């Protein structure tokens, strides 16, 4: 299935563990992603970046592997958000 806004994922960025995140809507940002990349909202840190599917892991499938608490700044806060209110603004 293609990724849609509101999908919950773990998203992999260089130098960071697989991070709790959500697919945001492309209309929410002025700059559009390249083809086959998506706007990714990272929980805890609340940053947004463009990532492609090779770096996106569906949350329900991979939470047992990637949802372990750690000491990285904002990570455990992000785990709380994806579990308790993934669709909140946080703005």
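Positions refer to the first chain, counted from 1.
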Check: residue 29 without coordinates in a third or more of other entries: yes
Between 18-26 and 79-87, the record assigns the higher mean Cα B factor to 18-26
Mean Cα B-factor check, 6-14 vs 66-74, entry values; winner is 66-74
When the entry's CA B-factors for 39, 35, 53, 44 are compared, the highest one belongs to 35
